């Protein structure tokens, strides 16, 4: 099968600036009828893919002409003259000149925005959960940028690494930030054996880490 290679694997562009993605095929995509069947798709977060361009450079309807495609033989490029917040997502090139049809690996386009520090929140276990003998301590780290962040759990000053469940959202198109959830689960009896719980976030927006914490005492 024809291998389709895309580069870069990921790109961070600021709104208003140009961008371009490259796609390389292992074999010429020039068909014997003189047509080159290379298309470009975009798949926005939580959506089905959707073509933007067919036959190397023809644009589909409903598509703004900020997007242009070009290339020939084995080399192709998608160019965005001016990036908008809506461009966020995964881009793919596909070839239909050779059977079976093969897709490129994908290129994630992320919007580069000004650095934003996380708003951190901490929650103790719910009475309802404790009643089942379990205890989950949750920490939300919302609306931050860049995406690289590090959170540490500490029980009475010591670092706990086992029992952590993290989850990150994808970049929000509305504000270009990411959010993250970190849940530390323990048994009810182990929970009641400690005093302070802390969630620490290390992120580029500061040299001293954000710390949200609570003491379980009584009442």
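Residue numbers count along the first chain shown, from 1.
K.L.:
Per the record, averaged over C-alpha atoms, which has the higher B-factor: 200-208 or 9-17?
P.N.:
Comparing 9-17 with 200-208, the higher mean C-alpha B-factor belongs to 200-208.
K.L.:
Quick check on the record: does 188-196 or 48-56 carry the larger mean Cα temperature factor?
P.N.:
On average, C-alpha B-factors are higher across 188-196.
K.L.:
Given 177, 39, 161, 36, identify the residue with the highest C-alpha B factor in the PDB entry.
P.N.:
Max CA B-factor in the entry, restricted to 177, 39, 161, 36: 161.
K.L.:
Taking the values straight from the PDB record, which of 128, 110, 84, 75 has the highest C-alpha temperature factor?
P.N.:
Across 128, 110, 84, 75, the entry lists the biggest C-alpha B-factor for 128.
K.L.:
Based on the entry's values, in what third of the chain does the Cα temperature factor of residue 132 lie: lowest, middle or highest?
P.N.:
Highest third, going by the recorded CA B-factors of the chain.
K.L.:
Please rank the C-alpha B-factors of the chain's modelled residues and tell me whether residue 168 sits in the lowest, middle or highest third.
P.N.:
Highest third, going by the recorded CA B-factors of the chain.
K.L.:
Please place residue 30 in the lowest, middle or highest third of its chain by C-alpha B factor as given in the entry.
P.N.:
Top third by C-alpha B-factor.
K.L.:
Going by the entry, which third of its chain does the Cα temperature factor of residue 155 land in?
P.N.:
CA B-factor rank for residue 155: middle third.
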